[PDB]
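The next block holds one structure in the form of structure tokens; read it before the comments.
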There are 2 protein chains.
Amino acid sequence: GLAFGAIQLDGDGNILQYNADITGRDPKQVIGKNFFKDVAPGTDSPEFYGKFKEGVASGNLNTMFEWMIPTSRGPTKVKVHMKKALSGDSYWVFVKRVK
Amino acid sequence: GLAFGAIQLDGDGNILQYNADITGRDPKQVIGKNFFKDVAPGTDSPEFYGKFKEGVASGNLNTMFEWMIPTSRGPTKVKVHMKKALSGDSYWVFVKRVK
């Protein structure tokens with residue numbers, strides 16, 4: 001069988017999206033990028049990325065903390081929950097605004 | 001506003017999928033990979049990748065050709081149409097089985 005019916009590529013040939021029933025979509029164009037180092041660089045620190053690596057390495061990631069997003073108009077507090085997925089080898093980061 | 005509600009990461013912190021209304025999904029886990037060099041290496045040749053680079057470089061990609069997929073049970077012929085997207089800077093590869 002054919003894996004894809006239509007594949008969307010950038011000018012370098014890298015896959016953006018595809019149709020196969022099955023669709024790959026990435027409206028923010030972040031899939032494959034590193035969350036800590038590329039997409040949300042404020043998280044690239046021992047207080048966030050550090051806790052992620054610890055939980056991955058221990059095999060038991062389940063940590064919750066508050067996080068400040070500095071802005072031009074003052075910091076915004078969010079609640080972060082990082083947790084290993086219940087099925088398979090992957091991890092979820094949940095972000096919710098506090099109050 | 002918050003860009004993501006839930007982000008799925010691999011053990012290295014690379015983004016697999018996300019929820020934001022907006023969802024990023026990649027069931028084949030190929031977004032961000034190179035179509036010609038990683039995902040479909042048989043296309044990494046002047047007869048396919050070469051035509052893609054030509055059309056991207058010329059600014060007018062619109063080429064159609066037949067392509068053979070060797071298998072353990074004999075080759076399968078497909079029809080390939082590569083075309084620049086009508087809106088924005090991206091390119092579509094369409095693959096259809098011949099007859």
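We label chains A, B, ... in the order they appear in the structure tokens, count residues from 1 in each chain, and number ligands from 1 in the order shown.
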Q.
Please check the contacts: residues of chain B at most 9 Å away from chain A, using only C-alpha atoms, listed as JSON, numbers by chain.
A. {"B": [2, 3, 4, 5, 6, 7, 8, 9, 10, 11, 12, 13, 14, 15, 16, 17, 18, 22, 23, 24, 25, 26, 27, 28, 29, 30, 31, 32, 33, 34, 35, 36, 37, 49, 52, 53, 56, 57, 85, 89, 90, 91, 92, 93, 94, 95, 96, 97]}
Q: Within chain B, find each residue whose DSSP state, derived from the backbone, is helix (DSSP H, G or I), and express the selection as a list in words.
A: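 Checking each residue of chain B, the helix (DSSP H, G or I) ones are residues 35, 36, 37, 38, 39, 41, 42, 43, 49, 50, 51, 52, 53, 54, 55, 56, 57 and 58 of chain B.
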Emit the selected residues as a compact mmCIF listing (two decimals), in the first residue's frame, including N, CA and C atoms.
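In the end it all went to result-v2.txt:
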```
# COMPACT_ATOMS: atom_id res chain seq x y z
N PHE B 35 11.77 14.33 3.49
CA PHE B 35 11.06 13.33 2.71
C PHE B 35 12.01 12.53 1.83
N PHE B 36 12.96 13.22 1.20
CA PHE B 36 13.82 12.57 0.21
C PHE B 36 14.92 11.75 0.85
N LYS B 37 15.46 12.21 1.97
CA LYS B 37 16.64 11.58 2.54
C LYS B 37 16.34 10.64 3.70
N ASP B 38 15.22 10.85 4.40
CA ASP B 38 14.86 10.05 5.57
C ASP B 38 13.68 9.14 5.31
N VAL B 39 12.58 9.70 4.84
CA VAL B 39 11.30 9.00 4.84
C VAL B 39 11.15 8.11 3.61
N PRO B 41 13.72 7.21 0.93
CA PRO B 41 15.08 7.35 0.38
C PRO B 41 15.21 6.97 -1.08
N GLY B 42 14.27 6.19 -1.63
CA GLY B 42 14.32 5.90 -3.06
C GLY B 42 14.13 7.11 -3.95
N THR B 43 13.60 8.19 -3.40
CA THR B 43 13.36 9.42 -4.13
C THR B 43 14.57 10.34 -4.11
N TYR B 49 14.03 13.83 -6.37
CA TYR B 49 14.58 14.93 -5.59
C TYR B 49 15.21 15.98 -6.50
N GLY B 50 15.93 15.54 -7.54
CA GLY B 50 16.53 16.48 -8.47
C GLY B 50 15.50 17.39 -9.12
N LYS B 51 14.38 16.81 -9.57
CA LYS B 51 13.33 17.62 -10.18
C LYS B 51 12.69 18.55 -9.15
N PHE B 52 12.58 18.10 -7.91
CA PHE B 52 12.03 18.95 -6.86
C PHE B 52 12.90 20.19 -6.67
N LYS B 53 14.20 19.98 -6.51
CA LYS B 53 15.09 21.11 -6.27
C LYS B 53 15.07 22.07 -7.44
N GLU B 54 15.00 21.54 -8.67
CA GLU B 54 14.90 22.38 -9.86
C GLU B 54 13.67 23.26 -9.81
N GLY B 55 12.52 22.67 -9.49
CA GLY B 55 11.28 23.42 -9.49
C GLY B 55 11.22 24.45 -8.39
N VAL B 56 11.70 24.09 -7.20
CA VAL B 56 11.82 25.06 -6.11
C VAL B 56 12.72 26.21 -6.54
N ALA B 57 13.88 25.89 -7.11
CA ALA B 57 14.84 26.94 -7.47
C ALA B 57 14.31 27.83 -8.58
N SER B 58 13.57 27.25 -9.53
CA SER B 58 13.01 28.05 -10.61
C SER B 58 11.84 28.89 -10.16
```
Q. Rounded to one decimal in Å, what is the spacing between atom CA of residue 79 of chain A and atom CA of residue 66 of chain A?
A. 4.5 Å
Q. What are the DSSP strand (DSSP E) residues of chain A, as a PyMOL selection string?
A. chain A and resi 6-9+15-19+23-24+62-69+76-84+91-97
Save the residues we just selected, C-alpha atoms, as a PDB file, in the first residue's frame?
```
ATOM      1  CA  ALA A   6      -0.321  14.043  -0.459  1.00  0.00           C
ATOM      2  CA  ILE A   7       2.718  15.343   1.438  1.00  0.00           C
ATOM      3  CA  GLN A   8       3.471  19.018   2.035  1.00  0.00           C
ATOM      4  CA  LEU A   9       7.160  19.933   1.930  1.00  0.00           C
ATOM      5  CA  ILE A  15       7.746  17.415   5.760  1.00  0.00           C
ATOM      6  CA  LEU A  16       5.267  20.020   7.036  1.00  0.00           C
ATOM      7  CA  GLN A  17       1.972  18.065   6.859  1.00  0.00           C
ATOM      8  CA  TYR A  18       0.428  15.117   5.028  1.00  0.00           C
ATOM      9  CA  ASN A  19      -2.737  13.255   4.033  1.00  0.00           C
ATOM     10  CA  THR A  23      -3.779  13.285   8.493  1.00  0.00           C
ATOM     11  CA  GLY A  24      -0.653  14.904   9.860  1.00  0.00           C
ATOM     12  CA  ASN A  62       5.241  13.130  37.541  1.00  0.00           C
ATOM     13  CA  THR A  63       5.983  16.639  38.758  1.00  0.00           C
ATOM     14  CA  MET A  64       3.851  19.739  39.235  1.00  0.00           C
ATOM     15  CA  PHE A  65       5.058  23.288  39.744  1.00  0.00           C
ATOM     16  CA  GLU A  66       4.229  26.909  39.074  1.00  0.00           C
ATOM     17  CA  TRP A  67       6.045  28.805  36.353  1.00  0.00           C
ATOM     18  CA  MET A  68       6.395  32.496  35.578  1.00  0.00           C
ATOM     19  CA  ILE A  69       6.209  33.830  32.028  1.00  0.00           C
ATOM     20  CA  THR A  76       2.061  35.590  34.299  1.00  0.00           C
ATOM     21  CA  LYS A  77       1.889  32.537  36.562  1.00  0.00           C
ATOM     22  CA  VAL A  78       1.042  29.147  35.079  1.00  0.00           C
ATOM     23  CA  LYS A  79       0.720  25.679  36.561  1.00  0.00           C
ATOM     24  CA  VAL A  80       2.835  23.017  34.857  1.00  0.00           C
ATOM     25  CA  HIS A  81       2.266  19.282  35.185  1.00  0.00           C
ATOM     26  CA  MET A  82       4.773  16.977  33.499  1.00  0.00           C
ATOM     27  CA  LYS A  83       3.794  13.320  33.446  1.00  0.00           C
ATOM     28  CA  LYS A  84       4.897  10.194  31.620  1.00  0.00           C
ATOM     29  CA  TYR A  91       5.792  12.436  28.024  1.00  0.00           C
ATOM     30  CA  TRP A  92       3.091  15.069  28.382  1.00  0.00           C
ATOM     31  CA  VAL A  93       3.519  18.652  29.535  1.00  0.00           C
ATOM     32  CA  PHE A  94       0.269  20.310  30.604  1.00  0.00           C
ATOM     33  CA  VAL A  95       0.153  24.086  31.073  1.00  0.00           C
ATOM     34  CA  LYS A  96      -2.785  25.889  32.700  1.00  0.00           C
ATOM     35  CA  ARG A  97      -3.160  29.493  33.819  1.00  0.00           C
TER      36      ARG A  97
END
```
